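Notes follow once the structure below has been shown.
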Amino acid sequence: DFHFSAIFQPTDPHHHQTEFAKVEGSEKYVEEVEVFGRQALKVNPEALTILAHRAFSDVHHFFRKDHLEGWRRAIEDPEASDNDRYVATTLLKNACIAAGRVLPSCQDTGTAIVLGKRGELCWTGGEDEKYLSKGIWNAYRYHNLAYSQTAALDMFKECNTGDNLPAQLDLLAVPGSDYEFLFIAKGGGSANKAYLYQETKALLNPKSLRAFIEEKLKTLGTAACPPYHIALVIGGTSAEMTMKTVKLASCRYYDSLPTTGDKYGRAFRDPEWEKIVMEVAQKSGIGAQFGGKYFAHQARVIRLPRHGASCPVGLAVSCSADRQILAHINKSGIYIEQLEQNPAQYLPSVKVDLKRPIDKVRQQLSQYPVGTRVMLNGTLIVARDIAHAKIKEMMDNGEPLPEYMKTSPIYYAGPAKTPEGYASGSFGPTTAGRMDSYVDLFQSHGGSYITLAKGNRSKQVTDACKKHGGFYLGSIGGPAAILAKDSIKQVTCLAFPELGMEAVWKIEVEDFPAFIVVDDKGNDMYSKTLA
Amino acid sequence: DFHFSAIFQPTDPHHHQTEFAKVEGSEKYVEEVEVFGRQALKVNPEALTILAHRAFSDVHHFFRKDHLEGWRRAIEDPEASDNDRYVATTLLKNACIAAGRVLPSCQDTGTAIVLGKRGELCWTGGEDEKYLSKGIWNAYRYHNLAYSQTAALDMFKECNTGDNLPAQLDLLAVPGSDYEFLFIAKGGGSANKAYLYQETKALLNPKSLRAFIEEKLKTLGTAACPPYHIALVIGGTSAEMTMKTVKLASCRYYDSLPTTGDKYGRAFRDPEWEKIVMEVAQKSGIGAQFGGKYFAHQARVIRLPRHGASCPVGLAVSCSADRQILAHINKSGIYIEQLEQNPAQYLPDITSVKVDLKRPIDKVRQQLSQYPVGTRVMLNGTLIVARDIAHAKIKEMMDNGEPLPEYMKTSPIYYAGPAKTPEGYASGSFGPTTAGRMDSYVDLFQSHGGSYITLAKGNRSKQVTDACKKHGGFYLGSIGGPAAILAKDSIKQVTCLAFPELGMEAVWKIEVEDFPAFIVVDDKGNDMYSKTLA
Ligand code: SF4
Ligand code: SF4
């Protein structure tokens, strides 16, 4: 006989485990009514604007408890490495700066993602996407955030939309008369570490699955600013369903799922395999960015039903800029998840002068092995994805490598907007691996001998630095607000201003910490843990 | 100033270009009302059961015009290869059988996927998932389909749910008072060929993108029964959004999108790069399964906005079992897309080695050894049928010290499974499965004296070529997709031999006549895909 079984059966479908604050006076935006014998809710769509504005403001200055607790755990664990503690201490201090509500916790203030669940009898007037987008527009326009969205004018010609729109608006039809939300300000760096695998029954035994996990976790590397929230989804009804689930798992949205399967194919969380993921993460030695135990905060593993011929698998992380906020609108008004406003309660090198010919800097760096902590003082030239592409194009047309690529270390980065009275907006490093295809080319043409970013890099960069006498320095990844507040003293746009954050910048820095990751001798700080 | 721009802006948002039929009398399921000055539609949720039942029945017996036209193009194009025309003719003949409404067009009757868009003022009572699931349940229970969903009792212990549930139910909240739908009966073989790539700005120039397309199309191989509808999505706001878009693009759901971008980042279809995908597909020589021009029916290329640090890319196909149906409920009742009920009108107005399998297996190996890869054979006699779960069970037995069972050494091994048997028929639809999923067993089984001759569809990995060379083995490629005509014409008797508890994935002993295949891998190191899928 027929038995309906929903795939997802959370025991806490409305997230009662989360603490919410009500927006003062917001009961004026709602009215409970009774139509055709059923309870309904009229919602003034301005409530969606107010809510989205607040969610995408608060989320850049505060974190959840389970995120902050992980950084404290890395500081207090006797088994953590010195680098584990240094990175976690820096990120907590960064969070203390961000909680001042001026600088966002990361320069990458993310794609605006809205998961909405509108009850059958929740009546907004239907213009939900417009009103939500206006609230998002307000948050990014009137706060010191960043405009990160790139519009395609044709297949290859692009421009920044200038307002961080469009958002991703996933609005679902569900029972009842409320409106429930998960807002995510998703960094590009962790978005890029969402992976889909197409597997078979041969994966589905303990030995094969553990080897698979070990292999795939290494491909995350340090490129998305660990410690990670690691989410793994085994199965799914389609690739897109597997990937949506792994995103939500990484947001801890499915934490109240059952922990056992049944003959109807319901989804379940697997604590036994979450523990195995954490054991792999810890024993990997990758650590919180620079070697150690704290590759991962925590793990979520969800097992899904599958077509008998199929085994899609999803792997994704939430990065140091762990940014999501639950919310709901009901007959009492607008409620928004309460994040931690006092992160401070969780708190328990070689000097390199850049103000010289770059060959003198290269010579000093050559005296030290990979793993050495350095403090940089002087000028950095800032350039990432589009600027690198433009410069390669110039040289392909016979033009010289620009002077500003040959005088100073190249910082792969872009700033968020500058607060009034401040020298710099949040201004941390971007993922180095995206620039790997340029390094040998630029070095063979006399520049980019020293680069500064975050994340492990491919072997071609190690070979290039050895061939050309180059270096790759790894900044701590994630602490964009304290870097801006403490290290960055002057910021000037050098070239391609139309590129927004991706313009070429000239910045003057003091006490800028980094590690020598790749030297000029073929050595790589990550060669043992991320081989 | 603020300007709202929806990412997707189809010029035909309600699919007026699609022909719909009204379910007779279905206006009795709806009622127009007005509350708070606004027009609303009350919908008896039984309408969802009725609609889902008809959709997931019709779609297994009929195809859209653009799919059938693609097969006719492969028959009539002077540039099509001889194998292109043979494969396309076989698939059209299969569709004519399926149009008899008894046998489904493929044995893999798919995952039931529902994209629903419920208007703000469309009131169903809210139990949409249950009522849709009951209609899907009716369709798979009361027709000659298959129960394809595998429940996980724990991480590794599995069972079939026995009713092709759960469905994928993606119900969206949208303006208005109607209920619009796209139903997809998605085969596992093409679902497995949905790929996500994490790329960068370094990809986004003509030379790199063309090279990328060339490289990735080859990784599709023939594993999902081409000619393909190829969908390529460049960009996206997240991996899951990119993959949903490429799925819908493969269903031709986004055909009316704009063809140019703008400063607000709207999605667009790119006809120039669709033409490039088609050129790449055609010049690949991969062909409609066995070499030629018709690797692809058509292409869809959607360009999406992206975070500046990101460039997700999606690639996906719709296979020969191209199965989707649009539908909507409005004030006039239930409307469902009209598919083509007379596929025979696409067939034109107007050479193989006979292989007797009823000989010792070593005599069959000897005869096959006389011929080069690419030789078309006609098989007559016994096949032993086993795919994913049976292979895993047998390897598990061997790991525990048991011998390879005798029934794995007497006849060629057909990787396949049947749909339910129609009353009075020898077999339900019973076509081949994707061979590549069994690649890890071949060398092991051949080292223990069996599986010397395998029969399935799709190109295989190099380890299979090496095993067949080491052990004097062969891989025969059945045409992929024509499950109904294989069942009606070739498969004469089906008996369950072992592991009856595995259901569809039991070991079967079947007798076949005039079963066509190509020698894909011989016993000499040759592989008919070695040049096109190198
Ligand atoms: S820089 Fe690091 S912390 Fe910030 S969004 Fe990118 S991956 Fe996340
Ligand atoms: S056997 Fe071929 S046609 Fe049938 S569902 Fe699988 S890939 Fe599609």
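In the structure tokens, chains take the letters A, B, ... in the order shown, each chain's residues start at 1, and ligands count up from 1 in the order shown.
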May I have the residues within 9 Å of ligand 1, computed using only C-alpha atoms and all ligand atoms, as a tab-separated table (two decimals) with N, CA and C atoms, in the first residue's frame?
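part-v3.tsv, freshly written:
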```
chain	number	residue	atom	x	y	z
A	105	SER	N	33.84	41.04	8.59
A	105	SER	CA	34.83	40.05	9.00
A	105	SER	C	35.73	39.61	7.84
A	106	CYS	N	35.21	39.63	6.60
A	106	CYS	CA	36.03	39.31	5.43
A	106	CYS	C	35.80	40.35	4.34
A	107	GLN	N	36.84	40.60	3.52
A	107	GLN	CA	36.69	41.49	2.38
A	107	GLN	C	35.70	40.93	1.37
A	108	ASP	N	35.60	39.61	1.28
A	108	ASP	CA	34.64	38.97	0.38
A	108	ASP	C	33.32	38.87	1.12
A	109	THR	N	32.46	39.86	0.93
A	109	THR	CA	31.19	39.85	1.65
A	109	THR	C	30.13	38.97	0.96
A	110	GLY	N	30.52	38.23	-0.07
A	110	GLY	CA	29.78	37.05	-0.48
A	110	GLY	C	28.69	37.31	-1.50
A	185	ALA	N	25.46	34.59	3.38
A	185	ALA	CA	26.38	35.49	2.69
A	185	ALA	C	27.60	34.63	2.36
A	186	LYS	N	27.59	34.03	1.17
A	186	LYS	CA	28.49	32.93	0.83
A	186	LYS	C	29.73	33.45	0.11
A	187	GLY	N	30.89	33.27	0.73
A	187	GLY	CA	32.13	33.69	0.08
A	187	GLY	C	32.41	32.87	-1.17
A	188	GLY	N	33.04	33.53	-2.15
A	188	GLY	CA	33.42	32.82	-3.36
A	188	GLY	C	34.43	31.72	-3.10
A	189	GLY	N	35.31	31.92	-2.11
A	189	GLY	CA	36.36	30.95	-1.85
A	189	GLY	C	35.82	29.60	-1.42
A	190	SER	N	34.85	29.60	-0.50
A	190	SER	CA	34.23	28.34	-0.09
A	190	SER	C	33.20	27.86	-1.11
A	191	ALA	N	32.53	28.78	-1.82
A	191	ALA	CA	31.68	28.35	-2.93
A	191	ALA	C	32.47	27.55	-3.96
A	192	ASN	N	33.74	27.92	-4.18
A	192	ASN	CA	34.53	27.20	-5.17
A	192	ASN	C	34.93	25.81	-4.71
A	193	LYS	N	34.84	25.55	-3.41
A	193	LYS	CA	35.13	24.24	-2.84
A	193	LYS	C	33.84	23.47	-2.58
A	223	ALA	N	42.75	26.24	0.55
A	223	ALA	CA	42.31	27.28	-0.38
A	223	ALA	C	41.05	28.00	0.06
A	224	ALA	N	40.30	27.49	1.04
A	224	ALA	CA	39.08	28.16	1.49
A	224	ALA	C	39.14	28.51	2.98
A	225	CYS	N	40.33	28.89	3.48
A	225	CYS	CA	40.54	29.42	4.82
A	225	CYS	C	39.99	28.51	5.92
A	226	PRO	N	40.56	27.32	6.10
A	226	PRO	CA	40.17	26.48	7.23
A	226	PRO	C	40.56	27.14	8.54
A	318	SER	N	32.14	25.20	4.78
A	318	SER	CA	31.97	26.59	5.16
A	318	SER	C	33.32	27.09	5.67
A	319	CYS	N	33.74	28.25	5.17
A	319	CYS	CA	35.06	28.81	5.42
A	319	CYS	C	35.07	29.65	6.70
A	320	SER	N	36.21	30.30	6.97
A	320	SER	CA	36.33	31.14	8.16
A	320	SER	C	35.26	32.23	8.22
A	321	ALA	N	34.82	32.74	7.06
A	321	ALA	CA	33.70	33.68	6.99
A	321	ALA	C	32.39	32.88	6.94
A	322	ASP	N	32.13	32.20	8.05
A	322	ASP	CA	30.97	31.32	8.20
A	322	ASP	C	29.75	32.22	8.46
A	413	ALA	N	44.51	40.12	-3.95
A	413	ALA	CA	43.50	40.58	-3.00
A	413	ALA	C	42.64	41.65	-3.66
A	428	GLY	N	41.73	41.34	3.01
A	428	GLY	CA	42.50	40.12	3.17
A	428	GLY	C	42.81	39.46	1.84
A	429	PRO	N	43.64	38.40	1.86
A	429	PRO	CA	44.10	37.75	0.62
A	429	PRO	C	43.04	36.88	-0.04
A	430	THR	N	43.18	36.71	-1.37
A	430	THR	CA	42.33	35.78	-2.11
A	430	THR	C	43.09	34.48	-2.40
A	431	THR	N	42.40	33.52	-3.04
A	431	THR	CA	42.95	32.18	-3.24
A	431	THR	C	44.03	32.17	-4.32
A	454	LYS	N	46.71	33.44	-0.07
A	454	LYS	CA	46.45	32.31	0.82
A	454	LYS	C	46.07	31.08	-0.01
A	477	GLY	N	44.60	33.42	6.03
A	477	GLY	CA	43.42	33.59	5.22
A	477	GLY	C	42.21	33.84	6.10
A	478	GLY	N	41.45	34.89	5.77
A	478	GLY	CA	40.26	35.20	6.53
A	478	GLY	C	40.25	36.49	7.34
A	479	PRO	N	41.41	36.93	7.94
A	479	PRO	CA	41.36	38.03	8.94
A	479	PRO	C	41.41	39.41	8.29
A	480	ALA	N	40.45	39.68	7.40
A	480	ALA	CA	40.53	40.86	6.55
A	480	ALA	C	40.38	42.16	7.34
B	309	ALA	N	35.14	35.82	-7.86
B	309	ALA	CA	36.14	34.81	-7.51
B	309	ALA	C	35.80	33.41	-8.01
```
Discussion item. Give me, as a ChimeraX atom specification, the set of residues whose atoms come within 10 Å of any atom of ligand 2, counting only C-alpha atoms and all ligand atoms.
Written reply: /A:309 /B:91,105-111,185-193,222-228,317-323,416-417,430-434,456-458,479-483
Practice prompt. Excluding residue 77 (chain B) and residues on its chain fewer than 5 positions from it, collect all residues at most 12 Å away from it, counting only C-alpha atoms, and give them as a PyMOL selection string.
Written response: chain B and resi 69-72+82+84-85+88+292-294+348
Discussion item. What's around residue 453 (chain A) at 6 Å? Count only C-alpha atoms, leave out sequence neighbours fewer than 6 positions away in its own chain, and write the answer as a ChimeraX atom specification.
Written reply: /A:411-412,429-430,432,474-475
Item to complete: Could you check which of B:376, B:470, B:420, B:118 is closest to chain A, using only C-alpha atoms?
Response: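 Selected residue with least distance to chain A: B:118.
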Fill in: 9 Å contact set for residue 463 (chain A), only C-alpha atoms, chain neighbours under 3 positions out, as a PyMOL selection string
chain A and resi 440+459-460+466-468+520-522
Write the selection just made, keeping C-alpha atoms, as an mmCIF file, in the first residue's frame?
```cif
data_model
loop_
_atom_site.group_PDB
_atom_site.id
_atom_site.type_symbol
_atom_site.label_atom_id
_atom_site.label_comp_id
_atom_site.auth_asym_id
_atom_site.auth_seq_id
_atom_site.Cartn_x
_atom_site.Cartn_y
_atom_site.Cartn_z
ATOM 1 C CA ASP A 440 55.799 31.097 -14.845
ATOM 2 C CA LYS A 459 53.343 22.158 -8.704
ATOM 3 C CA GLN A 460 53.824 24.480 -11.699
ATOM 4 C CA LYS A 466 62.694 27.355 -8.502
ATOM 5 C CA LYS A 467 63.426 28.128 -12.166
ATOM 6 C CA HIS A 468 63.199 31.917 -11.823
ATOM 7 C CA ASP A 520 63.293 29.470 -4.730
ATOM 8 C CA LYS A 521 64.678 25.946 -4.301
ATOM 9 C CA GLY A 522 61.763 23.635 -5.109
#
```
Worksheet item: Using only C-alpha atoms, which chain B residues lie at most 6 Å away from chain A, written as a count of residues only?
Response: 33
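The protein and nucleic acid residues lying at most 8 Å from residue 23 (chain B) are residues 21, 25, 26, 333, 334, 335 and 336 of chain B, with only C-alpha atoms considered and sequence neighbours fewer than 2 positions away removed.
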Practice prompt. Write out as a ChimeraX atom specification all residues of region 303-460 of chain A that DSSP puts in helix (DSSP H, G or I) for this structure's backbone.
Written response: /A:343-346,358-365,385-396,403-405,432-444,459-460
Discussion item. From a backbone DSSP assignment, name each residue in region 410-454 of chain A labelled strand (DSSP E or B), as a PyMOL selection string.
Written reply: chain A and resi 410-411+413+429+431+450-454
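Between CA of residue 40 (chain A) and CA of residue 114 (chain B) the interatomic distance comes to 26.4 Å.
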Worksheet entry | For CA of residue 529 (chain B) and CA of residue 459 (chain B), the interatomic separation in Å (one decimal) |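 For CA of residue 529 (chain B) relative to CA of residue 459 (chain B), the distance reads 6.6 Å.
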Discussion item. Would you pick out the contacts of residue 378 (chain A) at 6 Å or less, using only C-alpha atoms, so that residues sharing its chain but fewer than 5 positions from it are not included, and give the list as JSON, numbers by chain?
Written reply: {"A": [354, 355, 508, 509]}
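In terms of minimum interatomic distance to residue 276 (chain B), B:298 ranks closest within B:298, B:530, B:18, B:495, counting only C-alpha atoms.
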